[PDB]
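Architecture at a glance
For reference, the chains in residue letters:
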Amino acid sequence: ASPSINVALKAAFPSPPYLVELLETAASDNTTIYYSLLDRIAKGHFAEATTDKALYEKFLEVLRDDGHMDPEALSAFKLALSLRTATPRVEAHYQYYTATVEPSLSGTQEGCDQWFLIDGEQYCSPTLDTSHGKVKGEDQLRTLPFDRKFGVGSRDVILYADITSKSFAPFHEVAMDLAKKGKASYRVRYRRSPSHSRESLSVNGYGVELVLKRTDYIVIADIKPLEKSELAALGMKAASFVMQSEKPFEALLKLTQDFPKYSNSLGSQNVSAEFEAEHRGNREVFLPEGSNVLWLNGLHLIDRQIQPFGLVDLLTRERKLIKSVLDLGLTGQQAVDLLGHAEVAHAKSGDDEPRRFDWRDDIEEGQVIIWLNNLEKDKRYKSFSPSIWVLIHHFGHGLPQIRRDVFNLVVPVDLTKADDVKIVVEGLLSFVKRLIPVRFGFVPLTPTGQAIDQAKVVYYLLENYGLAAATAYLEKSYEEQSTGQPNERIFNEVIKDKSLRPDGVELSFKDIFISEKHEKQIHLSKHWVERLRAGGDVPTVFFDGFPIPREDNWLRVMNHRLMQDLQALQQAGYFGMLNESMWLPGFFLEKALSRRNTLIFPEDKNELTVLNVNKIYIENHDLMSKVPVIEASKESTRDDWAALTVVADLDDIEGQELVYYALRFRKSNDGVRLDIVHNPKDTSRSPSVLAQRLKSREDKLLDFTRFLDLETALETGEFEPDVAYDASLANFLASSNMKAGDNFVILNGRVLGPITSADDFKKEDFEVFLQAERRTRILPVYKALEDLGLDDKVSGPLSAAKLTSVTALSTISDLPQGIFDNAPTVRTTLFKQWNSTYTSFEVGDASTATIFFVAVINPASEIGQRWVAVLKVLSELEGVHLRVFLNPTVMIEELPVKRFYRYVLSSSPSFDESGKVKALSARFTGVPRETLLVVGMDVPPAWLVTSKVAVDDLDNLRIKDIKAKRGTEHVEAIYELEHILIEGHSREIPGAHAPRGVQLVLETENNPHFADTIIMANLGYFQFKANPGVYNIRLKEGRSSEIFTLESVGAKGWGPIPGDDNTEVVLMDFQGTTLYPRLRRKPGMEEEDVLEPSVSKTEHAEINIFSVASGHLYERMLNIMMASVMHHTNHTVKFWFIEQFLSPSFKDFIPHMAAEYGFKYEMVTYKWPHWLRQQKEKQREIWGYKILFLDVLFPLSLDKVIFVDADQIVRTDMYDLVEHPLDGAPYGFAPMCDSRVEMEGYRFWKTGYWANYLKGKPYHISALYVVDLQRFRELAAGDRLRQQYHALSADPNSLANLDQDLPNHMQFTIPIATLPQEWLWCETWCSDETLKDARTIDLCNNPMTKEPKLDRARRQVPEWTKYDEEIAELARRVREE
Ligand SMILES: *[C@@H]1O[C@H](CO)[C@@H](O[C@@H]2O[C@H](CO)[C@@H](O[C@@H]3O[C@H](CO)[C@@H](O)[C@H](O[C@H]4O[C@H](CO[C@H]5O[C@H](CO[C@H]6O[C@H](CO)[C@@H](O)[C@H](O)[C@@H]6O)[C@@H](O)[C@H](O[C@H]6O[C@H](CO)[C@@H](O)[C@H](O)[C@@H]6O)[C@@H]5O)[C@@H](O)[C@H](O)[C@@H]4O)[C@@H]3O)[C@H](O)[C@H]2NC(C)=O)[C@H](O)[C@H]1NC(C)=O
Ligand SMILES: *[C@@H]1O[C@H](CO)[C@@H](O[C@@H]2O[C@H](CO)[C@@H](O[C@@H]3O[C@H](CO[C@H]4O[C@H](CO[C@H]5O[C@H](CO)[C@@H](O)[C@H](O)[C@@H]5O)[C@@H](O)[C@H](O)[C@@H]4O)[C@@H](O)[C@H](O[C@H]4O[C@H](CO)[C@@H](O)[C@H](O[C@H]5O[C@H](CO)[C@@H](O)[C@H](O)[C@@H]5O)[C@@H]4O)[C@@H]3O)[C@H](O)[C@H]2NC(C)=O)[C@H](O)[C@H]1NC(C)=O
Ligand SMILES: *[C@@H]1O[C@H](CO)[C@@H](O[C@@H]2O[C@H](CO)[C@@H](O[C@@H]3O[C@H](CO)[C@@H](O)[C@H](O[C@H]4O[C@H](CO[C@H]5O[C@H](CO)[C@@H](O)[C@H](O)[C@@H]5O)[C@@H](O)[C@H](O)[C@@H]4O)[C@@H]3O)[C@H](O)[C@H]2NC(C)=O)[C@H](O)[C@H]1NC(C)=O
Ligand SMILES: *[C@@H]1O[C@H](CO)[C@@H](O[C@@H]2O[C@H](CO)[C@@H](O[C@@H]3O[C@H](CO[C@H]4O[C@H](CO)[C@@H](O)[C@H](O)[C@@H]4O)[C@@H](O)[C@H](O[C@H]4O[C@H](CO)[C@@H](O)[C@H](O)[C@@H]4O)[C@@H]3O)[C@H](O)[C@H]2NC(C)=O)[C@H](O)[C@H]1NC(C)=O
Ligand SMILES: [Ca+2]
Ligand SMILES: [Pt+2]
Ligand SMILES: [Pt+2]
Ligand SMILES: [Pt+2]
């Protein structure tokens, strides 16, 4: 009975058969569930269910009966099935099939509904006797994202099937059995089934908004009744209403959806209830008032992640993690509590800190470092104070002089190399002479004969008294040509000054063989260099235990840490942490490690891979119950416990050397539990044999002394290859990121590798690896775990590893830090402090729940409207707990909620009277008749949406008008999910920077030019508009491919994850595709694309004009604008439109305008980037579209474009604007009229701000402008517009009209070609005498009038009606056609 508004969304691809959709939804990523169900339907088991409901009903019984899903997983299945999450995954198959299979399968297909593909040969029969073809094109055997494999087999077999028919069942069984035997590996690909209809897909998981477009009025339903200054209490009174209500969750939803309507209805019946002002004790401690914050098991979620799809993927990932933990008898509550524990988060913060290594001589008994200083005893520094306050009282960029030991620098030098020697002589000594407060040491490098000798020479001379003498040899040797070999001619003169007085020393060129000098000194030195990996092609310098490689201005690097260390000391001093009797260098050495490994301590701190240990022993039980295992000792302590697994190629010296070290390390550490996985490069000989050789010798392996005993044990014994072991072996490596013949080391789930050389990982390297790993991951788990009293659950080394490994996985970055939010992956428990009695309500059983949600919603917020709606539906799921906190603000200067909101989502599928799946829609009932409303779509980030069906003006909705024009109080509108985004964040390799101005091309096997875009400066951002299918990204041929080669598109993650050296993208989800591509510069390039070392016309048109209209009137005016151009030019014109702001009525009309006026048209759009600052106000969005995305909105093939406003009319042949010289400027604009005499008052660009800023430059008009696009992109103007906009936009009152104001603010930075004013006329600011020579007319809003735009047009232009009549009769001609 009530006046209603209904909005629905449909996808750009037809609905896949329900059967296949349930198969896919059901088996998310578990293959066993997939083929176990594929058997069931090939029985013909699912043939007897006639309707979708019955079919759905059948799946529930099956899954429950076969043990596939438990209540928790079943509930999750229903929600994912409502969401229709599997539909794009199925469409990926079809698009792949349509575009790569059919054109590479030459011949005549009839009866070949299904067909296996074997060795590039097609077989239409199960009996496999005859083969139709040699399939053309690239290999289809490439394993791609949507593939499934069943079994391991030398041969690879693919079946392209239409499951729907019964013709499928025998083909399946042929290859299912063939795989069950082990002849070949089986996989299913889909074929679009013609039994099913080509009806489009009805989607859900989006939001609809009805925005009040008139907010200006402030002091069943007709119009909202407003309110005076009492705004301040809205949030507060709104929060109370709910608390009081009795069924609070429902209230919030009912209140929050129709909130603008209930504003005046608040403040009634002794409303405030001031008990809830008690809990600002909880605002005093943690979050600011009116802020929306969501947590999922401690994880703080960003707004983008708060949609149904984003949330389904998070549960899926989270449950996998927790379930792993709760097989050790922990409740979901206990598991989460452990993950977010204080001791755990402390460790992440702990090793976010920079790493230092112990540079001391202590281990090598003080005989390796030859210091050029001592600050406590050098009689250079005698003058200086040895006081702590000297440090603390130092400001500036310098360094305080002090007689104390505080800063140290040890530099390893090769005495053969001139450049290396030069460092000590010039570099190091100057610093000494200069009285720098840094102690300087150096240790010689011994990698060649001559080097060994020269270390001996210098070292020995020093050891047993010589100082200045050794220095002297070095200096003389360096200056005296270039000595990279000992020179006696030079050496002998140095000795001539007989300063060798302090206690007897040997003399001559006998390069000493003294067991003390040659052996101890040189071997001790080598032990220091090896220990800290301080040698090689690139040696390593240690400043305060901080490794700085000896490359390009390392002293610049040193100075940076020198200042950073000094500031670190000062802070401790002002807090009185420091005292006078202290060794200051040991403030840094507190956490320093004795040994240094680049694998354990990579310089890229993020580089970390951890595997779920429970998973490893669950998936590969067949493998891991038959690997040689050294159990960790019976009588060792929990603190000692650790689990180690070594993966190695025992058919290589490095592979077996690595294992010998691991075995050696095990003898020493009784607590470790060792596993050996033999991973061979060549699988001609079964891997099971060598594993079987060792497990027999398992008792006897740890009981030995020599390497050959291990070598010999590998050779001896006769064994039967367990091919079942071999299968689980190759599955393990595939699941883990591991190649064949590659060496890896796994301690408590953490993987290091591949190990290229076994000298990289020695016995001493395992010891530090355990020491470091122990610290971070094991000790924080142990403490935290014990604090909760769950320390009964640890029963051994393998038992422990399950927990430590899981908690390490919980804190993994992906989504990468610095992209969506800078904040680290730390699970807070910080809201547990909050009192809950009067602001919170919970839904779900906390005792059973695996998912714990903590929502902090401000009822007065518009963001809250969506949050409540989504959370209600996720709250309905079994095994989920939710707790809500309401936190309003007292700061309400403007109206809080200015829209109505509906979320299209269900927790389980709904069925028809005919049993078909119910489509979902947003229905607003009892809409006020007199309020002007705007329809908006609040769609997931990867989606691009436009109106398809609507007869109404969605930008100007009023029920009274529709009733008085259409006769109906009921409105229906249908949208189309036209595109889904492929978006990514680029980087250059190895010196990672965003490659800006790089051009990209998206392609498919059908067409090599799907789309094109250019790389942005901000996060190396780029995007493509696409739908489900298999694509490829090639750098655009030209300057881009000249400078770069892209190794990869980051489809696996930030990585590099091995196996991702690919350029293939596929989208099979409603979340699109997120990519992290990598591009490495070609041989010796410091080049830039942006600077140099009839095409567009042919492709498009002579003239390219683009525009936007946001209403039926403005669209009607746009029709006139296009016509005026056409009458005024006999040239070829192409029109470009901003697709999403236009009505379907307009959209359905243009082909008819194009036939009549003879122009070409193209619809364009771009999705507003996530990083780029949003516009809550639609009019402002539109303005942003005209200026911010000029370089990326139009295809690269377009040389230039012209913007003409909708209300405009043109009397000129528009080419002239193209031919207009821009004198090296990217875009051209027309200025504001000065000609009108008496208008001055309203000319605001002659005021202080605009006249001070625009020193001499004009105040330009955004109604008309030219963009020399080739130059625009070449100058990279867009990036500058975007970052200045983002920076300026922080202030809300910054840009009144951004479109005009941005080019004006940027005309100093970016040239603006100024146009002849013959190019623009407006009555408001130009005289009537001016219009004779006027080229085009804008209808600028007169502010001294209220005469409407329709009136100005008829009065101002007499030919306006002539244009309108033409359109009017044509519209009727079409309607009567
Ligand atoms: C776009 O599309 C079309 C086709 O491609 C075309 O559009 C033209 O636009 C004009 C308006 O700009 C149309 O109107 C005519 O404009 C002229 C003014 O130039 C008017 O005089 C004319 O009225 C009468 O005369 C027409 C023909 O007379 C003209 O002839 C001379 C032009 O040169 C050609 O002459 C003949 C063809 O006639 C040919 O053999 C030659 O090789 C030349 O190519 C010119 O010297 C004339 O001027 C004298 O005479 C007039 C009186 O006629 C007098 O007033 C003058 O003082 C002078 O002594 C004269 O212009 C005739 O066709 C009309 O029917 C009418 O009787 C129109 O109002 C025009 O119809 C139209 N077509 C052409 C081909 O011109 C353009 O090619 C395209 N335009 C753009 C912008 O892209
Ligand atoms: C000035 O600068 C100094 C130097 O930088 C700073 O001094 C102290 O720095 C410590 C941090 O490194 C803080 O810890 C305190 O230590 C003292 C003494 O150290 C004890 O432990 C040592 C550890 O031994 C191991 O390691 C060394 C190598 O590092 C190795 O050689 C050993 O073999 C061994 O493996 C011992 O070497 C040392 O002999 C001594 O035992 C300690 O007294 C502090 O303890 C306080 O708190 C505990 C409870 O946490 C309490 O039990 C203590 O009671 C004492 O008194 C009763 C009754 O007489 C007696 O029964 C006990 O046996 C205790 O002796 C005591 O109240 C603490 O652990 C320390 O904070 C820090 N400063 C102070 C003031 O303590 C510091 O900046 C300044 N200190 C001074 C005094 O100048
Ligand atoms: C992909 O999907 C498949 C199928 O949906 C999943 O595979 C399932 O995994 C189950 C894992 O537990 C497995 O259960 C096994 O059942 C046998 C027979 O009872 C047990 O011998 C196995 O050993 C494990 O558990 C026992 C003790 O548990 C049993 O007894 C208690 C009562 O005392 C019962 O509560 C319990 O349910 C078990 O019956 C231990 O002693 C062993 O040491 C060992 O840990 C397994 O429990 C299923 O057979 C298997 N298939 C099906 C149809 O459910 C697969 O997990 C999934 N993968 C992913 C990634 O989720
Ligand atoms: C969540 O909800 C709880 C509900 O209990 C709030 O707790 C209140 O906390 C305040 C501040 O601590 C309490 O007020 C004070 O209590 C003192 C007694 O407790 C102290 O001593 C015990 C040991 O005996 C300690 O364990 C404890 O930590 C306290 O230190 C009184 O001595 C205080 O009196 C002082 O102030 C008054 C008023 O100015 C003077 O007249 C006195 O002479 C004296 O100087 C004081 O009363 C309060 O009792 C607690 N309860 C309530 C209902 O408020 C949490 O604050 C709240 N947290 C959040 C984040 O919202
Ligand atoms: Ca205008
Ligand atoms: Pt400095
Ligand atoms: Pt401090
Ligand atoms: Pt991003």
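Residues numbered from 1 in each chain as written, not as in the entry; some residues may be left out. Chains lettered and ligands numbered in written order. Heavy atoms only, no water.

1. Here's the deal with the state of the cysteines
Inspection of every chain in the model, using the stated rule, returns 3 disulfides. Paired by a disulfide, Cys112 and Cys124 hold their sulfur atoms 2.0 Å apart. Classification of the bridge connecting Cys112 and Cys124 rests on its S-S torsion, roughly 95°, and on that basis the disulfide is right-handed. Pair noted here: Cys112 is in the loop between α5 (87-101) and β2 (115-118) and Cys124 is in the loop between β3 (121-123) and β4 (155-161), with a separation of 12 residues, a long-range link. Between the sulfur atoms of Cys1322 and its disulfide partner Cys1340 the distance amounts to 2.0 Å. Note on the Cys1322 and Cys1340 pair: the S-S dihedral is about -110°, so by sign convention the disulfide is left-handed. Placement of the pair is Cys1322 in the loop between β43 (1312-1314) and β44 (1336-1337) and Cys1340 in the loop between β44 and α42 (1349-1356), with a sequence separation of 18 residues. With relative accessibility at 7%, the residue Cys1322 sits in the buried group. A residue is classified by how much of its surface remains accessible, and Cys1340, at 10% relative accessible area, is buried. (Disulfide = S-S within 2.5 Å. Helix = DSSP H or I, 4+ residues; strand = E, 2+ residues; numbered from the N terminus. Buried < 20%, exposed > 50% of the residue type's maximum accessible area, 1.4 Å probe, protein only.)

2. Focus on the pairing of strand β12 (residues 540-543)
Judged by which residues are buried, β12 turns out to be covered on both faces: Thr540 and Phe542 on one side and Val541 and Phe543 on the other are all buried. Relative to β12, strand β10 (residues 407-414) is paired through 2 bridges, and the arrangement is antiparallel. Along β12, the bridge assignment pairs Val410 with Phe542. Relative to strand β13 (residues 546-549), β12 runs antiparallel, the two being bridged by 4 bridges. In the strand pairing of β13, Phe542 is matched with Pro547. Between the end of β12 and the start of β13, which pair antiparallel, lie 2 residues, with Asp544 showing a positive phi angle near 50°. (Pairing = 2+ DSSP bridges.)

3. As for the packing of helix α16 (residues 468-479) against helix α17 (residues 488-496)
Between α16 and α17, the least distance of the axes is 10 Å, while the angle of their chain directions is 145°. Relative to α17, the crossing made by α16 is right-handed. Only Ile490, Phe491, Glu493 and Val494 of α17 make contact with α16, whose side of the interface consists of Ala469, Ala472, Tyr473, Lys476 and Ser477. Considering only residue class, the contact of α16 with α17 consists of 6 nonpolar, 1 polar and 2 charged. (Axes fitted to C-alpha atoms, helices over the stretch in contact; angles between N-to-C directions. Left-handed = near helix turned anticlockwise from the far one by under 90°. Contact = heavy atoms within 4.5 Å. Nonpolar A, V, L, I, M, F, W, Y, C, P; charged D, E, K, R; others polar.)

4. Focus on the coordination of the calcium ion (ligand 5)
Around the calcium ion (ligand 5), the protein supplies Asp1205 (OD), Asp1207 (OD), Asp1207 (OD), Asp1338 (OD) and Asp1338 (OD) as donor atoms, at distances of 2.5 to 3.0 Å. Binding-site remark: the calcium ion (ligand 5) is held by donors from one chain whose sequence spacing is D-x1-D-x130-D. Highlighted residues: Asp1207 in the loop between β39 (1201-1204) and β40 (1209-1210) and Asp1338 in the loop between β44 and α42, separated in sequence by 131 residues. Assigned by exposure class, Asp1207 and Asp1338 land together as buried. (Donors = N, O, S within 2.8 Å, 3.2 Å for Na, K, Ca; no water.)

5. Overview of the UniProt feature "binding site: UDP" (unreviewed entry) in the protein
Mapped onto the present numbering, the UniProt feature "binding site: UDP" (unreviewed entry) falls at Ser1110, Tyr1114, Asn1341 and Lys1349. Counting through the fold element by element, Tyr1114 comes out in helix α33 (residues 1112-1127). Note on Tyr1114: relative accessible area 32%, which makes it partly exposed. Contacts of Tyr1114, omitting those with residues within four sequence positions, involve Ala1109, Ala1206 and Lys1349. Take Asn1341: it is sitting in the loop between β44 and α42. Apart from residues lying up to four places away in sequence, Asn1341 is in contact with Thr1324, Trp1325, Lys1349 and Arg1352. (UniProt positions renumbered as here; feature names shortened; annotations may be inferred.)

6. Things to note about helix α25 (residues 708-715)
Every buried residue of α25 is accounted for by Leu710, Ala713 and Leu714. Considered in projection along α25, the buried side chains sweep an arc of 105° and stay on one side of the axis. Where α25 is buried, its residues touch α22 (653-668) and α23 (687-696). Residue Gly717 follows α25 closely and has a positive phi angle near 115°. (Arc of directions from axis to C-beta.)

7. With respect to unusual backbone geometry
In this structure, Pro754 follows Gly753 across a cis peptide bond, with omega equal to 0°. Assignment of secondary structure puts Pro754 in strand β18 (residues 750-755). Cis geometry marks the peptide bond from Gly1055 to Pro1056; its omega dihedral reads 5°. Looking at the secondary structure, you find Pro1056 in the loop between β32 (1044-1048) and β33 (1064-1067). You will see that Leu128, though not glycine, has its phi angle at about 55°, which is positive. Mapped onto the elements of the fold, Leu128 is located in the loop between β3 and β4. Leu128 gets classed as partly exposed once you look at its relative accessible area, which sits at 39%. A positive phi angle, close to 60°, is found at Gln269, a residue other than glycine. Position of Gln269 relative to the elements: it lies in the loop between α8 (248-257) and α9 (281-285).

8. Quick word on the nonpolar core
Counting residues in hydrophobic clusters, the biggest one holds 98 residues, and the most contacted among them are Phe853 and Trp943. Take this core: its biggest share by element is 7 residues, from helix α29 (residues 863-875). Discounting residues that sit within four places of it in the chain, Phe853 has contacts with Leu294, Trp295, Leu296, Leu311, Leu315, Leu871, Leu874, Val880, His881, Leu882 and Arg883. (Core = buried A, V, L, I, M, F, W, Y, C linked by side-chain atoms within 4.5 Å.)

9. Points about the UniProt feature "binding site: UDP-alpha-D-glucose" (unreviewed entry) in the protein
Mapped onto the present numbering, the UniProt feature "binding site: UDP-alpha-D-glucose" (unreviewed entry) falls at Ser1110, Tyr1114, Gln1179, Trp1183, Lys1186, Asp1205, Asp1299, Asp1338, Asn1341 and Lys1349. Inspection of the secondary structure puts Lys1186 in helix α35 (residues 1178-1187). A polar atom in the side chain of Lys1186 sits 3.1 Å from the backbone oxygen of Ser1262. If we ignore the near neighbours within four places in the chain, the residues touching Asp1338 are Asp1205, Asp1207, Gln1208, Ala1263, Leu1320, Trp1321 and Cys1322. (Polar contact = N/O pair within 3.5 Å; in protein donor to acceptor, adjacent residues only side chain to side chain.)

10. With respect to the site of ligand 3
Residues in close proximity to ligand 3 include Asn30, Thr32, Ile33, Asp66, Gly67, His68 and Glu619, which together make up its full environment. Between ligand 3 and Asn30, the relevant distance is 2.3 Å, taken from an oxygen atom to a side-chain nitrogen or oxygen of the residue. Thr32 has a polar side-chain atom sitting 3.1 Å from an oxygen atom of ligand 3. Within the complex, the protein chains bury 18% of what would otherwise be the 1100 Å² of accessible surface of ligand 3. (Near = heavy atom within 4 Å. Areas by Shrake-Rupley, 256 points an atom, 1.4 Å probe, with all protein chains shown as cover.)

11. What to know about a nonpolar patch on the surface
On the surface, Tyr574, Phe575 and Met577 cluster together into a nonpolar patch covering about 460 Å² of accessible area. One can find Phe575 in the loop between α19 (554-574) and α20 (613-619). Judged by its relative accessible area of 60%, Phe575 falls in the exposed class. (Patch = residues over 30% accessible without salt bridge, like charges linked within 9 Å, V, L, I, M, F, W, Y side chains within 5 Å. Salt bridge = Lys/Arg side-chain N within 4 Å of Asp/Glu carboxyl O.)

12. Here's the deal with the pattern of salt bridges
On inspection of all chains with the given rule, the structure shows 68 salt bridges. Among the salt bridges present, the one from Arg929 reaches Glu969, with a minimum N-O distance of 2.8 Å. Of this pair, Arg929 sits in the loop between β23 (922-925) and β24 (933-938) while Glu969 is found in the loop between α30 (959-966) and β26 (971-985), placing the two residues 40 residues apart along the sequence. Exposure remark for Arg929: the relative accessible area of 26% places this residue in the partly exposed category. Each of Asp351, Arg355, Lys605 and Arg775 takes part in one network of salt bridges that share partners.

13. Comments concerning the environment of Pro539
The topology assignment puts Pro539 in the loop between α18 (515-531) and β12. We classify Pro539 as buried; its relative accessible area is 6%. With residues up to four places along the chain from it excluded, the contact list for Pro539 reads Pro412, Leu445, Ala534, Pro549 and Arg550.

14. Thoughts on the environment of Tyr381
Along the chain, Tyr381 turns up in the loop between α12 (342-350) and α13 (389-392). With relative accessibility at 1%, the residue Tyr381 sits in the buried group. On a C-alpha basis, the gap between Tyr381 and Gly340 in space is 52 Å, while along the polypeptide they are 41 residues apart. Not counting the four nearest positions on each side in its chain, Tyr381 is found in contact with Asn373, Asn374, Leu375, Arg403, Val432, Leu435 and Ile436. For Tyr381, the side chain forms a polar contact with the side chain of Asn373, separated by 3.1 Å.

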